[PDB]
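S.K.: Supplied in structure tokens, the structure appears directly below.
Just so you know, all these numbers are worked out from the coordinates, no wet-lab data involved. Note that each Cβ is placed from the backbone with ideal geometry, even for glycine, and that neighbours are counted across all protein chains shown.
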Ligand SMILES: [Zn+2]
Ligand SMILES: [Zn+2]
């Protein structure tokens, strides 16, 4: 019905997700034309997938349902403010809007601080917790060349 | 002094607009008795007015010139199909007719797509992207009441 009810459904999902031991306190919902096209819950541990956050799980499901890779005319509801990873996913997916209940400071007080990642994505590379090394390969442009060449390429941007 | 030349003029204003850095690619003119009464251009950024679209501007100026709030006997020539708020403004301004060159499609292929607003306007308040709330007040009818008297 209204944004509250859907967002309410997302928080309910997070709770059921916890009590059922499938994952962390995160839930998400994606709707299109007033229909809940997907429901996601954080299931990182229970499915050995560090990228399995509520929003990422809902996106994957939502796209599978639409047999598409873009979430046009869709709205994403998360029980809490998206993580940087989950944010990049939002922008690659392209929903027209996103709503969230709990803030990231709330997640931090709970033991789920994603701040260290905002700090790192802001740094260069060589200056990072996890060291990033850029190796010089004479053929580093090869895959872009193979792409310019491939005719039947389905552009996804 | 011809339908085509007036529309052409709106388009010429549309270009000058972009060029002079005064705003987006949109121009409009209103004519009365074969003469151009007012001109508008998209100047939203340069005047801090998000309602400052070409058509909207052109009719505000015209109404001022004519000292009226209805343009019941004027024509609007606009460089492109009107935005929805512009259509609303047109239905309130009430001109004889309106001409346009570019269509809502041409503008969409330039980063200017209003269709999302069309969709939104159709959807009831609850479904709209932007959050809408209808709190109920025990006197939410008093303004109309006060109107029934005046
Ligand atoms: Zn996340
Ligand atoms: Zn407009």
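S.K.: Sorting B:128, A:94, B:9 on the 10 Å Cβ count, fewest up front, what's the list? Write down the numbers at each step before the final one.
M.R.: Numbers: B:128 15, A:94 11, B:9 18.
So the ranking, lowest neighbour count to highest, is A:94, B:128, B:9.
S.K.: Run through the DSSP bridge list for the protein assembly as shown and note the antiparallel percent, rounded to the nearest 5. Don't skip to the end; give the middle numbers.
M.R.: Numbers: 20 of 30 bridges.
Expressed as a percentage, antiparallel bridges in the protein assembly as shown total about 65.
S.K.: Order by neighbour count: B:137, A:76, A:13, fewest other Cβ atoms within 10 Å first, most last. Write down the numbers at each step before the final one.
M.R.: On the way: B:137 7, A:76 28, A:13 23.
By the 10 Å Cβ count, ascending: B:137, A:13, A:76.
S.K.: Treating the angle as unsigned and between 0 and 90°, give the value, to the nearest 10°, between the Cα long axis of helix B:84-93 and the longest Cα principal axis of chain B.
M.R.: Roughly 90 degrees, rounded to the nearest 10.
S.K.: Then there's this: Label points 7 Å out from Cα along the Cβ direction at residue A:110 and residue B:126: separation in nm?
M.R.: For the pair residue A:110/residue B:126, the computed spacing is 2.7 nm.
S.K.: Another question, if that's okay. So what is Rg over Rh here for region A:101-157, counting just Cα atoms and using Kirkwood for Rh? Display every interim value, and only then the final one.
M.R.: Values: Rg = 19.2 Å, Rh = 15.6 Å.
Reported Rg/Rh, Kirkwood definition of Rh: 1.23.
S.K.: Next up: Please compute the Kirkwood hydrodynamic radius over region A:1-118, one decimal place, Å, based on all pairs of different Cα atoms.
M.R.: Values: mean 1/r = 0.0718 Å⁻¹.
Hydrodynamic radius (Kirkwood, Cα only) of region A:1-118 equals 13.9 Å.
S.K.: Let me ask something else about it. If r is the Cβ-Cβ distance from residue A:8 to residue B:12 and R0 is 41 Å, what FRET efficiency results, to the nearest 0.05? The partial results should precede the final answer.
M.R.: Details: r = 54 Å, r/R0 = 1.32.
The pair residue A:8/residue B:12 has a calculated efficiency of 0.15.
S.K.: Normalise the Debye intensity by I(0) for region A:1-58, one equal point scatterer per Cα, no solvent, then take log10 at q = 0.26 Å⁻¹ and round to two decimals.
M.R.: So the normalised log intensities work out to -0.95.
S.K.: Also, I was wondering about something else. For A:77, B:69, what's the fewest-to-most ordering of other Cβ within 10 Å of each Cβ? If you can, show how the numbers build up before the last one.
M.R.: Details: A:77 30, B:69 11.
Ordered from fewest to most neighbouring Cβ atoms within 10 Å, A:77, B:69 come out as B:69, A:77.
S.K.: Using the reciprocal of the averaged 1/r over all distinct C-alpha pairs, how large is the Kirkwood radius of the protein assembly as shown in Å? Don't skip to the end; give the middle numbers.
M.R.: Working: mean 1/r = 0.0416 Å⁻¹.
24.1 Å is the Kirkwood radius here.
S.K.: Further, regarding this structure: Could you give the nm distance between label points at residue B:87 and residue B:101, where each point is 7 Å from its Cα heading toward the beta carbon?
M.R.: 2.3 nm
S.K.: In degrees, nearest 10, range 0 to 90: what is the angle between the Cα axis of helix B:54-66 and the longest Cα principal axis of chain B?
M.R.: The answer is roughly 90 degrees.
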